[PDB]
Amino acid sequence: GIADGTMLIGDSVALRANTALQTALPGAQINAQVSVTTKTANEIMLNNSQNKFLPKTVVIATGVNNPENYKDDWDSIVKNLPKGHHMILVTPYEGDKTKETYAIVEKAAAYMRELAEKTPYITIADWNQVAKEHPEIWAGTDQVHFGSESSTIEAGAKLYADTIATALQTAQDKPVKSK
């Protein structure tokens, strides 16, 4: 019964790609904010479900903020996805390999890949993998917020939006969570 549509619940990285996301996904509902974590995205997801605002396809674009609890957080948000939805997980990317949290973000991305592989109503959008392939969008940056000027911000934002668009196309023929 859940009506068609896409809502993205995302973090500052997603918020940085706001215009590119909307351009690549016309009519998608982009709900991205600076401090969003996987924890609060879980709460936002259910709040929207319980008010019947959550459409069929849910994009969770979080993971780089507060990565330490990734196991429980991604287990939980996957568990709490309401019946009737398909879910897309956007893997996080921390580019500074010396960051004390780099290995955690990497573990989080890997664990999200495991959940998407495992779960029929879940699809991966592997920003982590794509981000590693494009060093040019990280020159002069904090290694998380793509682009040091307009051209690489735009190029980075378009790569980010296209990754999610490709996952949505992949998820088109795939089932929803049911019972």
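Counting begins at 1, following the sequence as shown.
In this entry, 148 to 156 shows the higher mean Cα temperature factor of the pair 148 to 156 and 120 to 128.
Note on 54 to 62 vs 31 to 39: mean CA B-factor is higher in 31 to 39. In this PDB entry, the Cα temperature factor of residue 171 sits in the middle third of its chain's modelled residues.
In the PDB entry, residue 88 places in the highest third of its chain by CA B-factor.
Ranked by C-alpha B-factor against the other modelled residues of its chain, residue 99 falls in the middle third. Among the modelled residues of the chain, residue 9 sits in the lowest third by CA temperature factor in this PDB entry. Sorting the modelled residues of the chain by their CA temperature factor places residue 139 in the highest third.
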